[PDB]
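This is final-v6.cif. It holds mmCIF, C-alpha atoms and all ligand atoms.
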data_upload
#
loop_
_atom_site.label_atom_id
_atom_site.label_comp_id
_atom_site.auth_asym_id
_atom_site.auth_seq_id
_atom_site.Cartn_x
_atom_site.Cartn_y
_atom_site.Cartn_z
CA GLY G 458 -4.06 -29.59 -2.44
CA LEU G 459 -1.06 -30.93 -0.38
CA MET G 460 1.43 -28.47 -2.06
CA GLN G 461 2.46 -25.92 0.65
CA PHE G 462 5.01 -23.27 -0.45
CA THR G 463 7.94 -23.13 2.10
CA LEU G 464 10.60 -20.41 2.34
CA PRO G 465 14.19 -20.63 3.57
CA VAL G 466 14.53 -20.39 7.38
CA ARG G 467 15.58 -16.68 7.58
CA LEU G 468 12.52 -15.69 5.40
CA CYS G 469 10.17 -18.19 7.20
CA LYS G 470 10.93 -16.20 10.46
CA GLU G 471 11.52 -12.57 9.30
CA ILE G 472 8.37 -12.66 6.95
CA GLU G 473 6.16 -12.72 10.16
CA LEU G 474 7.71 -9.39 11.36
CA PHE G 475 6.28 -5.96 10.30
CA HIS G 476 9.73 -4.61 9.21
CA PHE G 477 10.44 -7.47 6.71
CA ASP G 478 12.08 -6.51 3.36
CA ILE G 479 11.06 -8.89 0.49
CA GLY G 480 14.63 -8.58 -0.89
CA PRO G 481 16.16 -7.96 -4.37
CA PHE G 482 15.32 -11.37 -6.02
CA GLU G 483 12.24 -10.51 -8.25
CA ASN G 484 11.61 -14.23 -8.99
CA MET G 485 10.92 -15.05 -5.28
CA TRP G 486 8.15 -12.33 -4.90
CA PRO G 487 5.32 -14.49 -6.42
CA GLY G 488 6.10 -17.45 -4.05
CA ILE G 489 6.34 -15.02 -1.06
CA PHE G 490 2.79 -13.71 -1.87
CA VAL G 491 1.33 -17.26 -2.34
CA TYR G 492 3.02 -18.28 0.97
CA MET G 493 1.26 -15.29 2.64
CA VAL G 494 -2.23 -16.00 1.14
CA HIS G 495 -1.90 -19.69 2.25
CA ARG G 496 -1.07 -18.78 5.94
CA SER G 497 -3.44 -15.73 5.99
CA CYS G 498 -6.49 -17.32 4.28
CA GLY G 499 -6.00 -21.11 3.86
CA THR G 500 -4.45 -23.40 1.15
CA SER G 501 -8.12 -23.87 0.00
CA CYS G 502 -9.45 -20.29 -0.74
CA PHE G 503 -7.82 -20.12 -4.29
CA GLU G 504 -7.04 -22.74 -7.02
CA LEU G 505 -3.19 -22.57 -7.20
CA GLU G 506 -3.19 -22.70 -11.07
CA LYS G 507 -5.69 -19.71 -11.22
CA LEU G 508 -3.88 -17.73 -8.44
CA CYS G 509 -0.44 -18.01 -10.15
CA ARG G 510 -1.87 -16.95 -13.53
CA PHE G 511 -3.56 -13.95 -11.74
CA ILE G 512 -0.26 -12.94 -9.96
CA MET G 513 1.78 -13.06 -13.22
CA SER G 514 -0.87 -10.96 -15.12
CA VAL G 515 -0.81 -8.43 -12.22
CA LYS G 516 3.06 -8.31 -12.31
CA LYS G 517 2.96 -7.74 -16.15
CA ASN G 518 0.56 -4.72 -15.70
CA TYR G 519 2.90 -2.84 -13.23
CA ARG G 520 5.52 -0.66 -15.08
CA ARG G 521 9.33 -0.03 -14.82
CA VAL G 522 9.01 3.18 -12.67
CA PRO G 523 11.40 3.94 -9.77
CA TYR G 524 8.87 3.38 -6.88
CA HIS G 525 5.20 2.58 -7.90
CA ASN G 526 6.29 -0.82 -9.24
CA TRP G 527 5.80 -4.58 -8.73
CA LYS G 528 8.05 -4.50 -5.58
CA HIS G 529 5.74 -1.79 -4.06
CA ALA G 530 2.70 -4.02 -4.84
CA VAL G 531 4.20 -7.00 -2.91
CA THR G 532 5.73 -4.87 -0.06
CA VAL G 533 2.21 -3.43 0.64
CA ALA G 534 0.59 -6.95 0.52
CA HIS G 535 3.20 -8.14 3.13
CA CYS G 536 2.35 -5.30 5.61
CA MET G 537 -1.38 -6.19 5.27
CA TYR G 538 -0.25 -9.84 5.85
CA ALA G 539 1.41 -8.89 9.20
CA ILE G 540 -1.71 -6.88 10.38
CA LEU G 541 -4.08 -9.80 9.56
CA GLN G 542 -1.79 -12.37 11.26
CA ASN G 543 -1.42 -10.23 14.48
CA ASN G 544 -5.27 -9.59 14.52
CA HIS G 545 -6.36 -13.24 13.86
CA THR G 546 -10.05 -13.12 14.96
CA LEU G 547 -11.20 -9.56 13.94
CA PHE G 548 -11.55 -10.16 10.16
CA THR G 549 -14.17 -12.11 8.12
CA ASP G 550 -13.31 -14.96 5.69
CA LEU G 551 -14.04 -12.57 2.73
CA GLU G 552 -11.89 -9.66 4.13
CA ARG G 553 -8.79 -11.95 4.27
CA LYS G 554 -9.38 -13.06 0.57
CA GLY G 555 -10.18 -9.46 -0.56
CA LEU G 556 -7.48 -7.42 1.24
CA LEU G 557 -4.25 -9.20 0.11
CA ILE G 558 -5.58 -9.13 -3.50
CA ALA G 559 -6.53 -5.41 -2.99
CA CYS G 560 -2.94 -4.59 -1.80
CA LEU G 561 -1.35 -6.51 -4.74
CA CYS G 562 -3.62 -4.61 -7.25
CA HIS G 563 -3.67 -1.20 -5.50
CA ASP G 564 -1.28 0.71 -7.89
CA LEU G 565 -1.91 -1.36 -11.12
CA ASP G 566 -0.64 0.43 -14.34
CA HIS G 567 0.79 3.43 -12.35
CA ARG G 568 2.85 5.79 -14.57
CA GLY G 569 4.67 7.44 -11.57
CA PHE G 570 2.53 10.65 -11.46
CA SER G 571 0.12 12.15 -8.87
CA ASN G 572 -3.61 12.76 -9.59
CA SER G 573 -2.59 16.52 -9.65
CA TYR G 574 -0.17 16.08 -12.62
CA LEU G 575 -2.88 14.08 -14.52
CA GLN G 576 -5.41 16.97 -13.93
CA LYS G 577 -2.95 19.74 -14.99
CA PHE G 578 -1.83 17.62 -18.00
CA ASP G 579 -5.55 17.16 -18.96
CA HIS G 580 -4.98 13.34 -19.27
CA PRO G 581 -8.04 11.41 -20.62
CA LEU G 582 -8.28 9.62 -17.21
CA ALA G 583 -8.82 13.07 -15.52
CA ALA G 584 -12.04 13.43 -17.68
CA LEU G 585 -13.29 9.84 -17.00
CA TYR G 586 -12.59 9.99 -13.17
CA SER G 587 -12.75 13.54 -11.61
CA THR G 588 -11.67 12.50 -8.05
CA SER G 589 -9.26 9.71 -6.97
CA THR G 590 -8.22 9.52 -10.69
CA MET G 591 -5.45 6.84 -10.56
CA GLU G 592 -7.27 4.85 -7.82
CA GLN G 593 -10.46 4.39 -9.97
CA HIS G 594 -8.14 3.27 -12.86
CA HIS G 595 -6.30 0.83 -10.50
CA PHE G 596 -9.69 -0.76 -9.59
CA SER G 597 -10.68 -0.73 -13.31
CA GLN G 598 -7.44 -2.68 -14.15
CA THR G 599 -8.10 -5.13 -11.24
CA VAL G 600 -11.64 -5.91 -12.61
CA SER G 601 -10.15 -6.27 -16.21
CA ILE G 602 -7.54 -8.87 -15.07
CA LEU G 603 -10.19 -10.82 -13.04
CA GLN G 604 -12.26 -11.19 -16.30
CA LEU G 605 -9.39 -12.75 -18.34
CA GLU G 606 -10.05 -16.49 -19.03
CA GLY G 607 -8.60 -18.75 -16.28
CA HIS G 608 -7.95 -15.65 -14.04
CA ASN G 609 -11.20 -15.74 -11.94
CA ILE G 610 -9.75 -16.61 -8.49
CA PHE G 611 -13.23 -16.05 -6.86
CA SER G 612 -15.13 -18.59 -9.10
CA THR G 613 -16.21 -20.73 -6.03
CA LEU G 614 -18.05 -17.73 -4.37
CA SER G 615 -21.86 -17.19 -4.79
CA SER G 616 -23.17 -14.22 -6.85
CA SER G 617 -23.65 -12.13 -3.62
CA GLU G 618 -20.32 -13.14 -1.89
CA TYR G 619 -18.59 -12.25 -5.24
CA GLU G 620 -20.22 -8.72 -5.04
CA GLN G 621 -19.16 -8.28 -1.36
CA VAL G 622 -15.47 -9.10 -2.14
CA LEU G 623 -15.25 -6.75 -5.23
CA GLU G 624 -16.85 -4.04 -2.97
CA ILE G 625 -14.20 -4.65 -0.19
CA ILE G 626 -11.48 -4.43 -2.91
CA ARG G 627 -12.97 -1.21 -4.53
CA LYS G 628 -13.23 0.72 -1.18
CA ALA G 629 -9.76 -0.58 -0.19
CA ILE G 630 -8.14 0.72 -3.43
CA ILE G 631 -10.05 4.08 -3.33
CA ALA G 632 -8.83 4.51 0.34
CA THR G 633 -5.16 4.52 -0.96
CA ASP G 634 -5.96 8.09 -2.22
CA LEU G 635 -4.01 10.09 0.40
CA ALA G 636 -6.40 13.10 -0.13
CA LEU G 637 -9.08 10.88 1.55
CA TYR G 638 -6.80 9.71 4.43
CA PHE G 639 -6.92 12.98 6.51
CA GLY G 640 -10.73 13.11 6.89
CA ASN G 641 -10.94 9.30 7.38
CA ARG G 642 -8.39 9.40 10.27
CA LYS G 643 -10.02 12.61 11.73
CA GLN G 644 -13.41 10.75 11.91
CA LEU G 645 -11.86 7.48 13.29
CA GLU G 646 -9.99 9.56 15.99
CA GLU G 647 -13.41 11.07 17.06
CA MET G 648 -15.27 7.67 16.96
CA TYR G 649 -12.53 6.12 19.20
CA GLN G 650 -12.32 9.07 21.75
CA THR G 651 -16.16 9.53 22.09
CA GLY G 652 -16.35 5.66 22.52
CA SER G 653 -18.74 5.21 19.47
CA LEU G 654 -16.42 2.94 17.35
CA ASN G 655 -18.29 -0.39 16.68
CA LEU G 656 -16.78 -3.06 14.30
CA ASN G 657 -20.35 -4.52 13.68
CA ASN G 658 -21.31 -1.25 11.89
CA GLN G 659 -20.32 -2.02 8.22
CA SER G 660 -19.60 1.74 7.66
CA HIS G 661 -17.15 1.60 10.66
CA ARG G 662 -15.27 -1.50 9.27
CA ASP G 663 -14.89 0.39 5.93
CA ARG G 664 -13.16 3.35 7.68
CA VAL G 665 -10.85 0.93 9.65
CA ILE G 666 -9.94 -1.08 6.48
CA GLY G 667 -9.22 2.32 4.83
CA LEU G 668 -6.71 3.20 7.60
CA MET G 669 -4.95 -0.23 7.32
CA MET G 670 -4.64 0.46 3.51
CA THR G 671 -3.02 3.91 4.26
CA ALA G 672 -0.71 2.24 6.89
CA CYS G 673 0.29 -0.61 4.46
CA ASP G 674 0.84 1.88 1.57
CA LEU G 675 3.18 4.13 3.69
CA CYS G 676 5.04 1.12 5.22
CA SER G 677 8.46 2.22 3.78
CA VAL G 678 8.58 4.50 6.93
CA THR G 679 8.10 1.39 9.22
CA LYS G 680 11.31 -0.40 7.98
CA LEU G 681 14.87 -0.44 9.40
CA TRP G 682 16.59 2.94 8.65
CA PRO G 683 18.70 1.51 5.71
CA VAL G 684 15.50 0.26 3.90
CA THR G 685 13.65 3.56 4.75
CA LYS G 686 16.61 5.74 3.58
CA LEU G 687 17.13 3.84 0.23
CA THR G 688 13.34 3.57 -0.54
CA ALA G 689 13.06 7.41 -0.05
CA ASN G 690 15.53 7.77 -3.02
CA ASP G 691 13.08 5.87 -5.28
CA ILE G 692 10.11 7.92 -3.99
CA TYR G 693 11.89 11.24 -4.74
CA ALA G 694 13.14 9.96 -8.17
CA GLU G 695 9.42 9.80 -9.18
CA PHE G 696 8.70 13.17 -7.44
CA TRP G 697 11.54 15.03 -9.32
CA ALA G 698 10.38 13.43 -12.67
CA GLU G 699 6.85 14.88 -12.08
CA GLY G 700 8.48 18.21 -11.08
CA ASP G 701 10.34 18.25 -14.45
CA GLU G 702 7.01 17.53 -16.29
CA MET G 703 5.20 20.34 -14.34
CA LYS G 704 8.06 22.66 -15.54
CA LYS G 705 7.40 21.42 -19.16
CA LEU G 706 3.74 22.58 -18.76
CA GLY G 707 5.09 26.07 -17.68
CA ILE G 708 4.29 25.53 -13.94
CA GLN G 709 6.81 25.99 -11.05
CA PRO G 710 6.30 22.74 -9.09
CA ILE G 711 5.91 22.45 -5.26
CA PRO G 712 9.35 22.17 -3.48
CA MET G 713 8.81 18.44 -2.55
CA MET G 714 8.95 17.77 -6.36
CA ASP G 715 11.72 20.29 -7.39
CA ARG G 716 15.12 18.54 -7.97
CA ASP G 717 16.82 21.99 -7.49
CA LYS G 718 15.46 21.96 -3.83
CA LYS G 719 17.21 18.64 -2.90
CA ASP G 720 18.61 20.45 0.26
CA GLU G 721 15.01 20.78 1.75
CA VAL G 722 14.21 16.97 1.63
CA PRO G 723 15.15 16.15 5.29
CA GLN G 724 12.86 19.01 6.53
CA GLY G 725 10.12 17.79 4.09
CA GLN G 726 10.31 14.25 5.68
CA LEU G 727 9.86 15.71 9.25
CA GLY G 728 6.65 17.41 7.99
CA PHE G 729 5.48 14.12 6.44
CA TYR G 730 6.15 11.97 9.60
CA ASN G 731 4.46 14.65 11.86
CA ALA G 732 1.52 15.53 9.48
CA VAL G 733 0.77 12.00 8.04
CA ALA G 734 2.75 8.87 9.14
CA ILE G 735 2.80 9.24 13.00
CA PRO G 736 -0.90 10.31 13.18
CA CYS G 737 -1.69 7.28 10.88
CA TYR G 738 0.06 4.51 12.92
CA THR G 739 -1.04 6.19 16.25
CA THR G 740 -4.81 5.91 15.43
CA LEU G 741 -4.18 2.43 13.86
CA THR G 742 -2.49 1.37 17.16
CA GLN G 743 -5.54 2.62 19.21
CA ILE G 744 -7.97 0.58 17.01
CA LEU G 745 -5.70 -2.53 16.57
CA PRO G 746 -3.29 -2.74 19.57
CA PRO G 747 -0.99 -5.44 18.05
CA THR G 748 0.14 -3.04 15.18
CA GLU G 749 2.23 -1.03 17.72
CA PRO G 750 5.57 -2.12 16.13
CA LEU G 751 4.61 0.01 13.01
CA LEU G 752 4.26 3.10 15.27
CA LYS G 753 7.54 2.24 17.06
CA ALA G 754 9.49 1.75 13.75
CA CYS G 755 7.91 4.97 12.35
CA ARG G 756 9.08 6.99 15.43
CA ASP G 757 12.64 5.49 15.15
CA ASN G 758 12.85 6.75 11.51
CA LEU G 759 11.46 10.22 12.45
CA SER G 760 14.44 10.41 14.88
CA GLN G 761 16.88 9.19 12.16
CA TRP G 762 15.64 12.18 9.93
CA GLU G 763 16.14 14.65 12.85
CA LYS G 764 19.75 13.25 13.07
CA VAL G 765 20.13 13.89 9.26
CA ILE G 766 19.22 17.60 9.85
CA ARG G 767 21.63 17.93 12.84
CA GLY G 768 24.49 17.07 10.37
CA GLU G 769 24.97 13.74 12.34
CA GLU G 770 24.41 11.97 8.91
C1 LIG G 801 8.02 8.38 2.67
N1 LIG G 801 6.81 8.35 1.83
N2 LIG G 801 6.07 7.18 1.54
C2 LIG G 801 5.07 7.49 0.75
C3 LIG G 801 5.09 8.90 0.50
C4 LIG G 801 4.05 9.56 -0.34
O1 LIG G 801 3.60 10.67 -0.09
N3 LIG G 801 3.54 8.95 -1.44
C5 LIG G 801 3.80 7.65 -2.10
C6 LIG G 801 3.04 8.22 -3.33
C7 LIG G 801 2.53 9.37 -2.45
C8 LIG G 801 6.24 9.44 1.18
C9 LIG G 801 6.74 10.87 1.31
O2 LIG G 801 7.89 11.12 1.63
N4 LIG G 801 5.93 11.95 1.14
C10 LIG G 801 6.28 13.31 1.32
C11 LIG G 801 7.51 13.92 1.05
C12 LIG G 801 7.67 15.30 1.30
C13 LIG G 801 6.65 16.10 1.82
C14 LIG G 801 5.40 15.50 2.10
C15 LIG G 801 4.22 16.22 2.67
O3 LIG G 801 3.11 16.10 2.16
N5 LIG G 801 4.33 16.96 3.82
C16 LIG G 801 3.24 17.62 4.42
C17 LIG G 801 1.92 17.18 4.21
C18 LIG G 801 0.86 17.84 4.81
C19 LIG G 801 1.10 18.94 5.64
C20 LIG G 801 2.41 19.38 5.86
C21 LIG G 801 3.48 18.72 5.26
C22 LIG G 801 5.26 14.12 1.84
MG MG G 802 -1.54 4.71 -5.38
ZN ZN G 803 0.85 2.43 -3.31
#
Please lay out the structure from this file as structure tokens.
Ligand SMILES: Cn1ncc(C(=O)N2CCC2)c1C(=O)Nc1cccc(C(=O)Nc2ccccc2)c1
Ligand SMILES: [Mg+2]
Ligand SMILES: [Zn+2]
Amino acid sequence: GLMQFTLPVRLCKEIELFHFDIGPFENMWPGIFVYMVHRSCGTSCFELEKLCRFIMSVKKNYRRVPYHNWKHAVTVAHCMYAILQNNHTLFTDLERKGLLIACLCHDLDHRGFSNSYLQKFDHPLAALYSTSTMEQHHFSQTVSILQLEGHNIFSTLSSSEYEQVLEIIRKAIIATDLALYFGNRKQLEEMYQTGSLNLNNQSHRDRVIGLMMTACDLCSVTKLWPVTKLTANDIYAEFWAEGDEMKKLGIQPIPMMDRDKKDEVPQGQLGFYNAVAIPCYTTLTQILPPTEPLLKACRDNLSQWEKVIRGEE
């Protein structure tokens, strides 16, 4: 009850900023998360013993892949942490409980392959879940872990509050399917320009939570250049692996994924900041003004990639 987690001074201060890196010490990530839930939710919203056991089962069920790993899980939870803390009064008691858990669980049991590779492989998951393949699995693994003995962190909720929070979590994890991002942003753009956005409409909150989930998931592009640059190496390590596996199926992979087309990466990143990242943090800034530092940091990194192309690094 009276047991507050407390971080060293540099982390106590830098954890509140959007551009925070959780660092290379694996064994501090669980305490960082618990720290964030306590300040974001209350010391009271989870039984410590149950929370910890949930966190360590979640960790166990992420794999040793270059990017879609336990560090990605916690990095994405931190970004959500910063959005919630800078937007104190806009979010319900259940959203704050649901959304940090959603971020932690959002890529559970990822094997480092796109939904496309699963479909072309004819993986059993492609048959069970025809759209948003990995995302329906991720949710499936979240519900499995919650139903382990001593892992039910929502035990003090009523039957109907329990169903609301698992519904927040499901929509949140499904929204991390980038295929769904484009249409979701397009519609939020229109709702904001034609003045029809209304956060009391449940279907409007869903869209807005979806965009936060995209923004948190892409947050490697909102870091200082050295974090952005070195994270990109992990991202492309997965992408080239999937490229190799496409080639094993007798399929020339898209250039993004071909390790022979390493030269075209800087141009590929320009496309990605222009087509996806900048549009994403722009619209998010319009809906939630205090998330502007994500847009700013994203723009800075676009300009670092333009400098890569101009041979200036
Ligand atoms: C940096 N970062 N962080 C996350 C991801 C990411 O996609 N994922 C993490 C699992 C999926 C990336 C990332 O570099 N992607 C990337 C790289 C190269 C090209 C494109 C692209 O699609 N361009 C493009 C799209 C539409 C139209 C025109 C051009 C995208
Ligand atoms: Mg994912
Ligand atoms: Zn992710």
Contacts of ligand LIG 801 (chain G), 6 Å or closer, only C-alpha atoms and all ligand atoms, given as an MDAnalysis selection string: chainID G and resid 675 677:678 689 713 725:726 728:729 732
Near-residue G:679 list (12 Å; only C-alpha atoms; drop same-chain fewer than 2 positions) as an MDAnalysis selection string: chainID G and resid 474:478 532:533 536 672:677 681:686 688 730 734:735 737:738 748:759
Could the residues in this selection be saved with C-alpha atoms as a PDB file, in the frame of the given file?
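Now in again-v3.pdb:
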ATOM      1  CA  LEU G 474       7.710  -9.390  11.360  1.00  0.00           C
ATOM      2  CA  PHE G 475       6.280  -5.960  10.300  1.00  0.00           C
ATOM      3  CA  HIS G 476       9.730  -4.610   9.210  1.00  0.00           C
ATOM      4  CA  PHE G 477      10.440  -7.470   6.710  1.00  0.00           C
ATOM      5  CA  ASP G 478      12.080  -6.510   3.360  1.00  0.00           C
ATOM      6  CA  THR G 532       5.730  -4.870  -0.060  1.00  0.00           C
ATOM      7  CA  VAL G 533       2.210  -3.430   0.640  1.00  0.00           C
ATOM      8  CA  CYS G 536       2.350  -5.300   5.610  1.00  0.00           C
ATOM      9  CA  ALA G 672      -0.710   2.240   6.890  1.00  0.00           C
ATOM     10  CA  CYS G 673       0.290  -0.610   4.460  1.00  0.00           C
ATOM     11  CA  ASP G 674       0.840   1.880   1.570  1.00  0.00           C
ATOM     12  CA  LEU G 675       3.180   4.130   3.690  1.00  0.00           C
ATOM     13  CA  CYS G 676       5.040   1.120   5.220  1.00  0.00           C
ATOM     14  CA  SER G 677       8.460   2.220   3.780  1.00  0.00           C
ATOM     15  CA  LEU G 681      14.870  -0.440   9.400  1.00  0.00           C
ATOM     16  CA  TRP G 682      16.590   2.940   8.650  1.00  0.00           C
ATOM     17  CA  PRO G 683      18.700   1.510   5.710  1.00  0.00           C
ATOM     18  CA  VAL G 684      15.500   0.260   3.900  1.00  0.00           C
ATOM     19  CA  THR G 685      13.650   3.560   4.750  1.00  0.00           C
ATOM     20  CA  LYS G 686      16.610   5.740   3.580  1.00  0.00           C
ATOM     21  CA  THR G 688      13.340   3.570  -0.540  1.00  0.00           C
ATOM     22  CA  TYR G 730       6.150  11.970   9.600  1.00  0.00           C
ATOM     23  CA  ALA G 734       2.750   8.870   9.140  1.00  0.00           C
ATOM     24  CA  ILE G 735       2.800   9.240  13.000  1.00  0.00           C
ATOM     25  CA  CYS G 737      -1.690   7.280  10.880  1.00  0.00           C
ATOM     26  CA  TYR G 738       0.060   4.510  12.920  1.00  0.00           C
ATOM     27  CA  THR G 748       0.140  -3.040  15.180  1.00  0.00           C
ATOM     28  CA  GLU G 749       2.230  -1.030  17.720  1.00  0.00           C
ATOM     29  CA  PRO G 750       5.570  -2.120  16.130  1.00  0.00           C
ATOM     30  CA  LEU G 751       4.610   0.010  13.010  1.00  0.00           C
ATOM     31  CA  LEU G 752       4.260   3.100  15.270  1.00  0.00           C
ATOM     32  CA  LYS G 753       7.540   2.240  17.060  1.00  0.00           C
ATOM     33  CA  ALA G 754       9.490   1.750  13.750  1.00  0.00           C
ATOM     34  CA  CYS G 755       7.910   4.970  12.350  1.00  0.00           C
ATOM     35  CA  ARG G 756       9.080   6.990  15.430  1.00  0.00           C
ATOM     36  CA  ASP G 757      12.640   5.490  15.150  1.00  0.00           C
ATOM     37  CA  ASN G 758      12.850   6.750  11.510  1.00  0.00           C
ATOM     38  CA  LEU G 759      11.460  10.220  12.450  1.00  0.00           C
TER      39      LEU G 759
END
Which residue of G:550, G:483, G:606, G:634 approaches ligand MG 802 (chain G) most closely, using only C-alpha atoms and all ligand atoms: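 Checking each of G:550, G:483, G:606, G:634 against ligand MG 802 (chain G), counting only C-alpha atoms and all ligand atoms, the winner is G:634.
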Within 9 Å of ligand MG 802 (chain G), counting all atoms listed in the file, residues as a VMD selection string: chain G and resid 525 563 to 565 567 571 591 to 592 595 630 to 631 633 to 635 674
Which residue of G:627, G:510, G:496, G:528 approaches ligand ZN 803 (chain G) most closely, using only C-alpha atoms and all ligand atoms: G:528
Contacts of residue G:626 within 8 Å, all atoms listed in the file, excl. fewer than 3 positions in-chain, as an NGL selection string: :G and (555-556 or 558-559 or 596 or 622-623 or 629-630)
Nearest residue to ligand ZN 803 (chain G) from the set G:671, G:497, G:724, G:604 (distances using all atoms listed in the file): G:671
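Ranking G:586, G:467, G:570, G:603 by their shortest atom-to-atom distance to residue G:524, with all atoms listed in the file included, puts G:570 first.
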Of the listed residues G:515, G:656, G:530, G:766, that which approaches residue G:600 most closely, counting all atoms listed in the file: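 Of G:515, G:656, G:530, G:766, the one nearest residue G:600, counting all atoms listed in the file, is G:515.
Take atom CA of residue G:459 and atom CA of residue G:540: the distance between them is 26.4 Å.
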Distance query residue G:745 at most 10 Å, all atoms listed in the file, self and fewer than 2 positions along chain excluded, as a PyMOL selection string: chain G and resi 540+543-544+547+665+669+738-743+747-749
For residue G:659: contacts at 12 Å, only C-alpha atoms, fewer than 6 positions along chain excluded, given as a list in words: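 Here the answer would be residues 549, 621, 624, 625, 665 and 666 of chain G.
Coordinates place atom CA of residue G:667 at a distance of 16.6 Å from atom CA of residue G:588.
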G:527, G:762, G:649, G:578 ranked by distance to ligand ZN 803 (chain G), top pick (using all atoms listed in the file):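 Answer, going by the shortest atom-to-atom distance: G:527.
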